[PDB]
A.B. asks: 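Here it is, the structure in full.
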Amino acid sequence: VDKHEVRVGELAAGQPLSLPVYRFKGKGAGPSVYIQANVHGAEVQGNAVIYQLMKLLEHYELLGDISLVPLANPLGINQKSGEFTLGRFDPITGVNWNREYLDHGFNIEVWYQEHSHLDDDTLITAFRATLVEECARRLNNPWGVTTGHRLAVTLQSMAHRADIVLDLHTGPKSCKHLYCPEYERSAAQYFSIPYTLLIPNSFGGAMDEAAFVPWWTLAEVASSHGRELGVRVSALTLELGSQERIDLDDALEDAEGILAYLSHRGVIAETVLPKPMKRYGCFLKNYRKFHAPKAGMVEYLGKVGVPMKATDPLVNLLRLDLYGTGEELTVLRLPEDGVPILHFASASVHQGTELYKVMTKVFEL
Amino acid sequence: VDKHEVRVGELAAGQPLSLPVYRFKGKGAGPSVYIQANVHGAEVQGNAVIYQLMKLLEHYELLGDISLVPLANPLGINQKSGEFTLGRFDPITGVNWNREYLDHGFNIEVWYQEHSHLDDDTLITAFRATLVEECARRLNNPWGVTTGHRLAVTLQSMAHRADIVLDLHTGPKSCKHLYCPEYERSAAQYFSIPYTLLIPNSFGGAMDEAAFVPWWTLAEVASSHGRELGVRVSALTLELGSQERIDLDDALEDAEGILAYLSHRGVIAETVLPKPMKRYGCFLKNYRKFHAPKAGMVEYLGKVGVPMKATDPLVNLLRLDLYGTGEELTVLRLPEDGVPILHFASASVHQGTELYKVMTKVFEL
Amino acid sequence: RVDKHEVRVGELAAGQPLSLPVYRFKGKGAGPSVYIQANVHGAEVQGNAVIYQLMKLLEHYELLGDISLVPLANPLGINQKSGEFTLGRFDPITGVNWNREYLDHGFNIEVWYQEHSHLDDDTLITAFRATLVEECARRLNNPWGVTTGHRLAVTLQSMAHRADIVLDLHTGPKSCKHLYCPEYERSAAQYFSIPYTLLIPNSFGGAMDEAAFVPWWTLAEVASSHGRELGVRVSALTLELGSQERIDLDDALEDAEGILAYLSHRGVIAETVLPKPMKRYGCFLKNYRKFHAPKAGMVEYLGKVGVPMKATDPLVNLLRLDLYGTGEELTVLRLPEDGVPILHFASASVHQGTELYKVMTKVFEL
Amino acid sequence: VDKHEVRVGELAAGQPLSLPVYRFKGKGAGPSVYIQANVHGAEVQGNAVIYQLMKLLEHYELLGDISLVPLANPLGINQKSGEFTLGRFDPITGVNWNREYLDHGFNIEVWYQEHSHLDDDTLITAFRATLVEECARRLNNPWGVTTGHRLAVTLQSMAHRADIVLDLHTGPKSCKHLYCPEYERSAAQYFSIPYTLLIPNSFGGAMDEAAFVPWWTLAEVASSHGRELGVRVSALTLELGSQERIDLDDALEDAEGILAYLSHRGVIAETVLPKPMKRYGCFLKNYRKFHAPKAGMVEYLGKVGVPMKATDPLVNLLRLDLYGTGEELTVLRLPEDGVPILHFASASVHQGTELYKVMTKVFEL
């Protein structure tokens with residue numbers, strides 16, 4: 001396993017901020033893969049998944065290149081506030097690190113017309129080069145870029161080089177879930193993840209969108225001019241359970257599912273079949289946020305990853321300040337049938353604190 | 001002066017979160033005004049400006065109603081982290097409190113068509129009622145709304161009721177500046193603020209935009225159908241110097257400038273002239289952010305509100321870890337001529353930390 | 001039945017007062033008085049659930065002594081968030097632990113004793129209590145003022161000083177149920193439903209229990225040095241009821257049932273409530289050890305809280321993706337001595353020196 | 001100037017925590033010196049002081065060794081919360097980095113009796129070796145030590161090796177002041193510092209105390225057996241103005257004061273005279289903390305380092321929530337005549353927030 005380090009920033013006291021990049025060289029015509037974990041500092045299980053995946057890959061026949069970037073945001077990973085990693089956003093500005101990726105601005109209609117005389121492979125190579133160069137340009141600005149933008153664009157440049165991008169995250173108190181763009185709903189069949197969110201061709205600041213939107217858009221533009229190029233990049237986001245947790249056995253299960261997808265895509269020569277299990281989904285627009293309608297102390301009743309019906313108890317809300325009044329213990333209920341995916345990591349909420357995220361209008365994939 | 005209290009939230013231990021609303025009734029046909037301060041918790045000087053304005057208003061003849069909401073975000077105001085106020089964003093999620101306002105989704109073209117028969121005043125009354133009603137609809141949701149969204153929508157509902165909205169902020173280490181929509185560039189000459197950013201018809205989550213975007217879009221639609229309605233609301237954001245400070249004399253000067261605008265608008269009967277001083281403008285697109293190109297300890301040389309040249313030293317960057325190498329003390333310079341408006345409030349930066357914001361292509365108003 | 005009053009403990013910059021709800025059940029008898037508080041550490045919310053369940057139960061018992069309960073005892077800490085966690089343990093401005101702000105009475109107890117020794121036991125005790133209550137008032141009446149945390153602690157303390165029994169309800173981070181019990185009342189552990197007890201000495205270290213018992217224990221010592229037996233006339237125990245950032249009403253019922261056994265034992269309630277049968281272990285406080293990370297990294301916790309282990313047992317796996325391909329990629333850290341891990345760090349990522357576990361060593365059955 | 005790095009810790013993502021140690025070798029018999037800065041993360045001016053000192057030291061004739069340790073707490077230096085450095089205490093535990101030093105437990109009376117047959121220099125050498133070894137023993141513990149304790153003891157071990165220890169800090173919003181032990185009141189005359197706190201032989205967790213307490217106790221014990229050994233180490237703490245600030249020219253003034261002390265002690269051969277200026281002192285017991293008696297917004301009126309009377313206004317307390325009542329704006333005053341040294345860095349306080357520290361019963365040195 002070839003390893004190098006990639007510089008992503010620098011701290012006030014002088015210390016460089018760098019990432020370890022592990023590379024497995026493929027011997028064949030299989031697709032290239034880029035995997036990263038822990039952009040969100042508290043979401044550490046992704047590192048254990050990378051560890052297990054690399055241990056497994058050491059016994060497979062790699063047909064395509066694989067690059068793996070654990071510990072992808074040291075500034076967030078190393079940031080504590082109390083006994084909790086404050087790792088989700090820049091502590092100075094509040095900007096979510098996974099909202100700092102680069103939306104390629106250029107006109108794809110024009111880019112396509114200017115390259116439409118090239119054959120598919122040549123055109124694809126040129127498009128990839130244009131994205132990599134756009135990242136370089138962005139970082140070359142004399143006014144500079146934000147701390148998180150430098151990190152994200154640096155990761156993005158590496159991701160753009162691959163045919164397949166897997167971004168490993170975790171939820172707070174959460175079940176395993178997956179984000180797939182609508183064009184590759186089938187990907188969910190190979191991972192070992194029970195709930196999938198199908199997402200549209202829209203850039204919203206995150207790595208997966210940053211990676212797929214240019215290619216999905218190029219595919220549509222090409223087809224609109226009678227050329228069926230196809231979407232040439234896969235980019236998926238795996239939300240592997242809960243944050244602030246390392247569970248090596250569970251990480252192995254996640255890694256086994258990833259291998260099934262890698263086998264399916266021809267990255268590895270061996271046939272690795274998907275885990276037989278039920279897989280459900282919902283379209284992103286039906287993924288709902290449930291906010292505390294009143295403040296108070298919270299006992300979570302809705303178990304993550306378990307379907308619930310409209311009006312079922314989601315939490316008990318306890319109010320010691322209201323003892324004997326009639327409202328010291330109340331039940332907050334789920335508005336619509338759905339599956340609670342994740343809940344707030346703390347037991348005390350203000351009015352409006354996000355208590356849960358719930359997939360509604362869920363279907364079997 | 002009538003005092004009222006408006007609830008905006010509730011804390012886990014049981015206390016309600018509420019705001020003081022001071023209302024002066026006008027005796028006449030003057031425009032109505034809504035003024036708030038301290039939505040960003042550290043930006044406390046706005047409270048002193050409200051204090052001084054109310055003290056002054058007691059000696060003027062009010063022709064229009066004025067509502068004043070100091071201490072507009074107690075959750076942010078009361079949030080300390082070390083010896084400073086962590087007041088800019090929700091500490092749980094990182095979302096800027098001034099990015100939680102509501103962009104009205106309804107079709108203004110259709111709305112206009114359905115009300116085009118009304119005269120100006122009734123059409124304005126109808127539109128205003130619609131905006132107020134949409135805020136109410138937003139807060140009534142079984143899935144709830146964020147802590148910051150409840151606060152923002154509550155403030156916005158009050159703001160929508162006024163003809164003039166003044167949002168009082170401060171910068172970090174900053175000179176006095178003003179955000180003014182392009183449709184009322186004339187406003188800038190009445191306030192006592194040397195630098196003004198002229199901003200376009202675009203919603204970006206903030207109060208001023210929330211208040212003016214619907215009316216500006218309405219004006220455009222009306223005009224397209226041959227009706228020159230005009231933009232019937234004014235909404236301006238005053239960035240009154242630096243955060244984490246109360247300066248009552250300085251606040252009086254700010255209040256006097258506000259009074260000049262209110263006099264100009266016929267809110268008060270008396271003639272209060274603008275303070276004589278030079279005033280400059282800049283289109284929003286030319287307001288640039290300068291990020292640290294390297295980490296280190298900063299001596300700030302560019303003074304806020306003082307024009308400078310690209311060749312001038314902006315900061316000295318000290319690196320004790322590089323003593324003896326030639327890199328221990330380096331000078332940073334801005335890529336372009338301009339006027340630094342504000343700079344970072346700390347002397348320690350990581351690579352990418354936003355060091356200054358700078359108005360470029362400045363012109364005299 | 002229950003009377004509620006509010007007690008002011010501070011004020012916020014924007015104007016809102018900081019206040020506590022104080023619930024009181026009046027006793028109809030000669031039983032001892034009891035003062036119970038919870039959630040002085042903001043993240044330690046289970047104590048509210050314990051107070052809730054206890055009050056629901058108490059409504060059906062016969063009270064011989066007064067019981068005052070103070071849930072939500074620190075709204076400034078309780079309401080303080082940082083990320084998806086309550087930054088509730090210390091003043092966020094200064095770092096000072098809210099449970100290190102209590103008042104150590106400085107007056108000379110030997111001299112106070114000599115000046116009141118002619119009094120009978122009950123009159124001497126009443127006088128001592130009055131002195132403690134007055135000393136708290138004097139502390140808060142200072143033109144230079146006092147810290148935010150000291151004002152809170154001293155307000156709680158003055159209430160606590162009025163009772164015969166003080167129960168401070170806490171939680172650990174990821175923790176089993178444990179109890180702090182002063183050496184002079186080792187028997188108390190036999191009544192609660194708590195498997196592990198730390199026996200603590202006569203020493204003031206800034207906390208409520210110490211603040212409550214040190215003056216009385218010292219007074220008993222002074223009286224005994226003169227051949228007069230007064231006894232330690234106040235009981236002050238700290239219950240660490242599981243993990244923080246959690247409300248578990250069923251588990252809180254169990255805790256409340258144990259507290260009731262102690263109250264029956266002390267004659268606060270008329271009814272017989274016998275202790276839950278279970279093995280109960282203890283160790284002296286000096287044998288309660290802090291295990292710090294020897295190296296930074298990602299941690300998988302192997303030592304389960306409340307489960308005895310040996311030195312040869314794995315405490316955690318330490319995972320280092322930055323060291324992949326070397327022997328340091330994944331290592332096992334082990335405890336240096338046999339003991340019982342009580343609690344561990346609430347996060348999976350540690351720096352060198354981060355406190356990984358607290359472990360009772362030299363444990364014995366009580 | 002020789003430079004080496006000293007390991008003090010390690011972060012979660014794997015990065016080492018190290019300090020740059022700059023060493024100037026002495027040639028002769030002059031006392032040795034240990035200088036450190038920025039143990040408290042926000043107190044960055046000490047770095048500028050060290051930078052100036054090192055530039056100056058390259059031209060002086062050194063008779064004793066000098067070690068300088070700027071950037072002495074990278075974990076605290078690099079920690080941000082909003083636009084400020086949360087650098088005073090461990091963000092996990094709240095423990096002040098400058099309360100983590102080691103109080104040597106060993107019986108000095110016994111130690112002295114076991115070495116009383118040794119002459120002064122042999123005894124001094126042995127006592128120093130004992131202190132250094134106790135630090136090593138502390139760090140060699142299978143149960144480990146806290147993050148802050150490892151740092152503090154590492155710094156302390158280096159400090160113990162020197163004859164003169166200078167710990168460079170800053171206050172929040174503060175004038176320049178000095179902590180000087182009662183046994184060397186004469187040292188204060190040399191520094192360029194107007195206000196000095198004379199401190200007793202008491203260990204409170206801080207570097208200076210950690211460095212001097214053993215030697216001061218040893219002097220007491222020696223003297224009690226008819227041997228006037230004297231206190232063989234000098235340990236002073238300079239609070240060099242305000243935090244979150246780099247001012248190079250002002251740092252130069254501080255460095256020159258330091259060099260006057262060093263010249264006075266014979267560390268450098270050249271005569272560097274102290275700056276003429278009035279110098280005052282105060283015994284530590286008379287340094288008082290003034291806390292907010294009520295919450296609110298604060299305008300600081302008491303200027304740091306300027307004597308005041310109990311009848312003078314210290315702050316205006318502004319309460320917008322109490323407008324229209326006598327409590328809308330009130331004046332808080334100093335209970336006793338004194339010199340305000342430092343005040344709170346923010347303008348919004350809760351009841352009990354420490355507003356000022358004030359030296360009372362001040363005398364000219």
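Letters A, B, ... are given to chains in the order of the sequence lines, protein chains preceding strands, and every chain is numbered from 1.
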A.B. asks: Start with the C-alpha distance between D:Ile77 and B:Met297, add both sets of side-chain angles, then the distance that settles side chain to side chain contact (heavy atoms under 4.5 Å, CB included), and finish with yes or no.
C.D. replies: CA-CA 10 Å; D:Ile77 290 166; B:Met297 306 288 181; 3.6 Å; yes
A.B. asks: Does a donor on one side chain sit under 3.5 Å from an acceptor on the other, for B:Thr353 and D:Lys80?
C.D. replies: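 No, D:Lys80 and B:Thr353 have no side-chain donor paired with an acceptor closer than 3.5 Å.
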A.B. asks: Atom OG in B:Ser81, atom CG in D:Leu86: separation rounded to 0.5 Å?
C.D. replies: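 Output value for this atom pair is 4.5 Å.
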A.B. asks: What is the distance from atom CZ of B:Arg319 to atom CG of D:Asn47, rounded to the nearest 0.5 Å?
C.D. replies: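 One finds 11.5 Å between CZ of B:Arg319 and CG of D:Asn47.
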A.B. asks: Is D:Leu68 close to chain B through its backbone or its side chain, or both, or neither, when contacts mean heavy atoms under 4.5 Å?
C.D. replies: neither
A.B. asks: CZ of B:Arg7: more than 12 outside heavy atoms within 6.0 angstrom?
C.D. replies: no
A.B. asks: Is it the side chain or the backbone of D:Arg88 that comes within 4.5 Å of chain B heavy atoms, both, or neither?
C.D. replies: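 Interface part for D:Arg88: side chain.
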A.B. asks: Counting heavy atoms not belonging to B:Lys3, are there more than 12 under 6.0 Å from its NZ?
C.D. replies: yes
A.B. asks: Spell out, as yes or no, whether a donor-acceptor pair under 3.5 Å connects the side chain of D:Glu244 to the backbone of B:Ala347.
C.D. replies: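 Confirmed, D:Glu244 side chain pairs with B:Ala347 backbone.
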A.B. asks: Roughly how far, to the nearest 0.5 Å, is the CG atom of D:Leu320 from the CG atom of B:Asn38?
C.D. replies: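 Here the interatomic distance stands at 9.0 Å.
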A.B. asks: Could you go through the salt bridge (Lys or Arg N to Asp or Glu O under 4.0 Å) check for B:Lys173 and D:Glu83 one step at a time?
C.D. replies: CA-CA 11 Å; B:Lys173 294 294 181 63; D:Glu83 306 145 29; over 6 Å; no
A.B. asks: What part of B:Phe84 gets within 4.5 angstrom of chain D, counting heavy atoms only: side chain, backbone, both, or neither?
C.D. replies: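 Both backbone and side chain of B:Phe84 come within 4.5 Å of chain D.
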A.B. asks: Atom CD1 in B:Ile246, atom OG in D:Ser346: separation rounded to 0.5 Å?
C.D. replies: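 Here the rounded value is 9.5 Å.
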A.B. asks: Examine whether an atom of B:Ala48 lies under 4.5 Å from a heavy atom of chain D, and if so say whether it belongs to the side chain, the backbone or both; otherwise answer neither.
C.D. replies: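 The answer is both parts of B:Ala48.
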A.B. asks: Once you round to the nearest 0.5 Å, how far does NZ of D:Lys55 lie from OH of B:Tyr323?
C.D. replies: 7.5 Å
A.B. asks: With a 4.5 angstrom heavy-atom cut-off, could you sort out which part of B:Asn316 is near chain D: side chain, backbone, both or neither?
C.D. replies: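 For B:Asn316, side-chain heavy atoms alone lie under 4.5 Å from chain D.
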A.B. asks: Could you tell me which portion of B:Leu322 (side chain, backbone, both or neither) has an atom closer than 4.5 angstrom to a non-hydrogen atom of chain D?
C.D. replies: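 Contact with chain D involves the backbone of B:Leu322 alone.
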A.B. asks: I'd like to verify something: which residue of B:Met54, B:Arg245, B:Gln45, B:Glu5 has the highest number of heavy-atom pairs under 4.5 Å with chain D?
C.D. replies: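 The candidate making the most pairs under 4.5 Å is B:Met54.
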A.B. asks: For chain B, which candidate among D:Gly82, D:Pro70, D:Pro172 shows the most heavy-atom pairs at distances under 4.5 Å?
C.D. replies: D:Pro70
A.B. asks: With chain B, which of D:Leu248, D:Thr85, D:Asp247, D:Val298 has the greatest number of heavy-atom pairs at distances under 4.5 Å?
C.D. replies: D:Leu248
A.B. asks: Is B:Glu328 in contact with chain D via its backbone, its side chain, both, or neither, using a 4.5 Å heavy-atom distance?
C.D. replies: side chain
A.B. asks: With respect to chain B, which residue among D:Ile50, D:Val349, D:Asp321 yields the maximal number of heavy-atom pairs within a distance under 4.5 Å?
C.D. replies: D:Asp321
A.B. asks: If I take atom CD from residue B:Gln243 and atom OG from residue D:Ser348, how far apart are they, to the nearest 0.5 angstrom?
C.D. replies: 10.0 Å
A.B. asks: Identify which part of B:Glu58 has an atom lying under 4.5 Å from any heavy atom of chain D, answering side chain, backbone, both or neither.
C.D. replies: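 Just the side chain, heavy atoms under 4.5 Å.
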